[PDB]
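# Architecture and fold: a report
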2 protein chains.
Amino acid sequence: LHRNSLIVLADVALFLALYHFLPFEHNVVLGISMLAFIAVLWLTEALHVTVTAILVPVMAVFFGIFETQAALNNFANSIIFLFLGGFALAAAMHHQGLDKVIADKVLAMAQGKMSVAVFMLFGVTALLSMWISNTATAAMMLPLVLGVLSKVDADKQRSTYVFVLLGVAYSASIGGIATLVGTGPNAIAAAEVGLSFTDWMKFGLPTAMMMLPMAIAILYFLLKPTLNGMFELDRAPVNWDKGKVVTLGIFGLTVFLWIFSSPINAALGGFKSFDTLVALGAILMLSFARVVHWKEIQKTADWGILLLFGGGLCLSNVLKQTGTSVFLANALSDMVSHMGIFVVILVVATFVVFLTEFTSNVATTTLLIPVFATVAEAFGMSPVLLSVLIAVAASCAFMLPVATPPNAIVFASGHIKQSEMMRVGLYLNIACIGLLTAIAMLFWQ
Amino acid sequence: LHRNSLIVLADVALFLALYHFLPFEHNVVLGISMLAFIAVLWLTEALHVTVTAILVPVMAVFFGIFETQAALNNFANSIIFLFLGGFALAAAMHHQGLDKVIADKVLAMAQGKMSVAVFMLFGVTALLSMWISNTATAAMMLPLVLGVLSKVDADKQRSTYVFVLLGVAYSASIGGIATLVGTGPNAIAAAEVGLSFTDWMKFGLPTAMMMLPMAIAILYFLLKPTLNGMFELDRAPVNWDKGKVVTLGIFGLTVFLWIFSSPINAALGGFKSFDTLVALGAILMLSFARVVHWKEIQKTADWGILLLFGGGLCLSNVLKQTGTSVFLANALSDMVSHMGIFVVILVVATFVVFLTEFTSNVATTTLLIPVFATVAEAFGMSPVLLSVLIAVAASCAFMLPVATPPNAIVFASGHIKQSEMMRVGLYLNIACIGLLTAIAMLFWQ
Ligand code: NA
Ligand code: NA
Ligand code: NA
Ligand code: NA
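Residues numbered from 1 in each chain as written, not as in the entry; some residues may be left out. Chains lettered and ligands numbered in written order. Heavy atoms only, no water.

Structure determination for this entry is recorded as X-ray crystallography, at 2.78 Å resolution.

This is how it looks when you write it as structure tokens:
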């Protein structure tokens, strides 16, 4: 009866059709049929992204691709735990309120000017996003933005107070592209290609550094009348209490180890997934130091995403084992050799940047990274480039809401028009396809 | 400064002491020192049970027992997922309110009599517990019990209304010993020795059937004046709405497959952890049938316990790999051969039944099952017996509150005295040590 129940039934039909009708060696048919099936379910979101994630192994197993345990093992991948460590680290500084104090301390640095208020609102949203989340950083910033944009209250004077709402909802998404914790895609890239925390920062941070000015410049150079206004610093001020200095201390130590993971680990006897251990060491320090309880981390942790990661890793392995990765590489062989590597990464960059407007950031990365990385490997090229690219571009959701929760959060502010966001995003999208294809060309040799 | 911070520091000291001072082959020292360290942390609960669980792998890995990934893989064990399926199945019938309707439908079967009210209150709490939880079934029953015990309101007439409060808090714990979903210990036993869902029901259900009458008989034959009273059926009645019949349908189908897993799987081509698949198939059916959203399952699921499971599995493997399992078997060799198998299981049964009053149900099972099962295997005996026994006896917490949340829930009802519970539990404990040692002897050949 429901829309989504039909999409599912239509998909079951599609699979059954592809399964019986495709003219290839059995394994490839199965792999293709599965790929299409999952592809739909994550794009349409007829079933919750995570339910789909769980579906991958159960299928794999039933269609004899893997044994039950072999398939589930995917879910305990070390990056998944690294991300859990990220969730715990966030949970700590939110419950501690260290996110609030970094907001006030930097926001009250601006004396009483709306000019240097919003520019410091974007700079904080981005810096906080690096470690916390997007969905979380946005919902946490909304009250702080509405507080400031209440002096220039005139909402007949909209474009003063739309530049700042849409400003943070992008700064949350751009701040995610900074480190391996922050947004899902980055994790799925790292898990697929085997990146360290300090590896994904070498890519992402430059890109975030580049993109945030480029994004504000585009919002600015539409309709900004914000060089005017005054402040209302209205609420109780903040102060470092029982180890908000300790949470920062652990955080600092954790981030330190993460950056210097390469020499620290090497000069420690080279432990296997060192970053994940650092992330668990975080969980342990944070608990021994009593600074955050567990019930907090259980609420903060998005187990749905943690599960999703594994569902997609499983998929990747389904593609390899069935030889679907190699079959597609053969199929694309003529096309990709006729295309330049510029052409390819331009097409890839464009495809996602717009496909991410329709669908969930992760859901698409969980779909695309496996297909692309594994096919790239069949061609005997380094799957890293394409993967990192997909992961970044997936977080380039700037057009409509429903693209990312940060978009839908500043939108529910019953003010910003559908039409408005759609065309700033349309510019920013293209702006990015440039910047990415540009940077992706520079990170080659 | 805090109590627990010192316990931890004292433990760090203890480890360091055992590590440097024990006079054995390196591996055994390491294994022993670890075993002791963890043993403390789970018994004292100086760090949250789950934080300790995470500590196992991080140790294992740092002390070169396992590689980082190999260690984490423990957490994706198929039973862990089977339990997640249980959490989803529960989440469904609670959000759907199918737990409420099974309460009313059976409670309103009793026309207006307190005699057949409380006897049907225990029978429901136990039946609901089989699938839901203990902590959850208890907190869900408390309002339904206080509703009934408001006609015989006279709390100078306490022992009418203490027999029923303490009655359900035991019926929740006894109902847990029925199936593989229900309480943690049962899962940790199944994961350790490789039990099917239908395997742990062959043990547990008879034991629950036996124990519930035996427990009420002991509460009854203390201070019961409840053959008197009348009903106040006060609140809106219940009715089967949008697929409360569907939730029951899936539930029924799931439970059906679980029981008949053996012939269904065998006549299907023998898939590996069939029960876990059935449990995931539950999650999928429940979502396709739209009957429960995911955000619900993420709230219901105790990820803390799911993580704990893996922490203990890891431990077990730490014990094997270091040969600590074999070293202890050699150490106990003279003692256990001097003891009868009766003597042994009597000592085991007694030890836990009382140790579970001081500590968390799971925490102790996660500690003891590994030690006992792996040592039992070194003796070349079937680790099943001792394990099942420990898992059951761990859920025999009847004395003080803080033993189980169900105990602490009916206690916060600002009525039942410390002294009262402590001596009913003291009888019921001994009563069980009999029943278990009795049954455990019968389940031999
Ligand atoms: Na982020
Ligand atoms: Na998106
Ligand atoms: Na239970
Ligand atoms: Na207990």
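This paragraph deals with the interface of chain B and chain A. At the interface, 44 residues of chain B touch 44 residues of chain A. Of the roughly 4,000 Å² buried where chain B meets chain A, counting both sides, 76% is carbon and sulfur surface. Counting the surface chain B buries against chain A, the share from its top three residues, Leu284, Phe288 and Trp294 of chain B, is 15%. Taken together, the links from chain B to chain A amount to 0 salt bridges. Counting across the interface, chain B meets chain A through 14 residue pairs in polar contact. Every element with two or more residues in the side of chain B that touches chain A is listed here: α1 (3–21), α3 (49–62), α4 (68–72), α5 (78–95), α15 (274–288), α16 (294–300) and α17 (303–322) of chain B. (Contact = heavy atoms within 4.5 Å. Buried area = accessible area lost by both parts, 1.4 Å probe. Salt bridge = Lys/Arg side-chain N within 4 Å of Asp/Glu carboxyl O. Polar contact = N/O pair within 3.5 Å; in protein donor to acceptor, adjacent residues only side chain to side chain. Helix = DSSP H or I, 4+ residues; strand = E, 2+ residues; numbered from the N terminus.)

Our focus in this paragraph is the relation of the copies chain B and chain A. Rotating chain B by 180° and translating it 0.0 Å along the rotation axis places it on chain A, where the RMSD comes to 0.0 Å. This pairing of chains is accounted for by a two-fold axis. Of all interface residues in chain B, 100% are interface residues in chain A too; the two copies therefore contact each other through one and the same surface. (Least-squares fit on C-alpha atoms.)

Here we come to the coordination of the sodium ion (ligand 3). Residues and elements named next belong to chain B. The protein atoms that coordinate the sodium ion (ligand 3) are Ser129 (O), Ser129 (OG), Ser133 (O), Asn134 (OD1) and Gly182 (O), at distances spanning 2.5 to 2.8 Å. Read in sequence order, the donor residues for the sodium ion (ligand 3) give the motif S-x3-S-N-x47-G. Of the two residues examined, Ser129 and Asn134, each falls in the buried class. (Donors = N, O, S within 2.8 Å, 3.2 Å for Na, K, Ca; no water. Buried < 20%, exposed > 50% of the residue type's maximum accessible area, 1.4 Å probe, protein only.)

Below, the discussion takes up the coordination of the sodium ion (ligand 1). Residue and element names in this part refer to chain A. Binding of the sodium ion (ligand 1) to the protein goes through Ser129 (O), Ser129 (OG), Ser133 (O), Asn134 (OD1) and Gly182 (O), at separations of 2.5 to 2.8 Å. We note that the donor set of the sodium ion (ligand 1) lies within a single chain, spaced as S-x3-S-N-x47-G. With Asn134 in the loop between α7 (115–129) and α8 (135–148) and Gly182 in the loop between α10 (165–176) and α11 (184–193), the pair connects residues that are 48 residues apart, well separated along the chain.

Residues and elements named next belong to chain A. Evaluation of the coordinates by the stated rule reveals 41 aromatic pairs over all chains. Measuring from centroid to centroid gives 5.2 Å for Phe83 and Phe309, while their planes differ by 85°, and the two rings are edge-to-face. Residue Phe83 is located in helix α5 (residues 78–95), and its partner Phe309 is located in helix α17 (residues 303–322); the two are separated by 226 residues in the primary sequence. Per residue, the accessibility class of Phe83 equals that of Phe309, and both read buried. Here the aromatic rings of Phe197 and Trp258 are separated by 4.7 Å at their centres, their planes lie at 15°, and the arrangement is stacked. Residue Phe197 is located in helix α12 (residues 197–223), and its partner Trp258 is located in helix α13 (residues 244–259); the two are separated by 61 residues in the primary sequence. For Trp258, a relative accessible area of 0% puts it in the buried group. Members of the aromatic cluster, each reached through a chain of ring pairs, are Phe119, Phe122, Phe163, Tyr220 and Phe221. (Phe/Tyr/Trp six-rings, centres within 6.5 Å; stacked < 30°, edge-to-face > 60°.)

Side chains that are nonpolar tend, in soluble globular proteins, to be buried together. Core analysis: the biggest nonpolar cluster contains 326 residues, and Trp42 and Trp258 of chain A together with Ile38, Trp42 and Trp258 of chain B have the highest contact counts within it. Excluding its chain neighbours within four sequence positions, the residues that come into contact with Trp42 of chain A are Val49, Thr52, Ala53, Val56, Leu308, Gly311, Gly312, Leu315, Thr359, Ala363, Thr366 and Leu367 of chain A. (Core = buried A, V, L, I, M, F, W, Y, C linked by side-chain atoms within 4.5 Å.)

In this section: a positive patch on the surface. Side chains of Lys295 and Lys299 of chain A together with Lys295 and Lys299 of chain B sit close together on the surface and give a patch of like positive charge. Broken down by secondary-structure element, the contributors of at least two residues to the positive patch are α16 (294–300) of chain A together with α16 of chain B. Of note, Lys295 of chain B is situated in helix α16. Residue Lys295 of chain B is classed as exposed on the basis of its relative accessible area of 72%. (Patch = residues over 30% accessible without salt bridge, like charges linked within 9 Å, V, L, I, M, F, W, Y side chains within 5 Å. Areas by Shrake-Rupley, 256 points an atom, 1.4 Å probe, with all protein chains shown as cover. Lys, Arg positive; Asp, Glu negative; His and termini not counted. Charge placed at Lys NZ, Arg CZ, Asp CG, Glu CD.)

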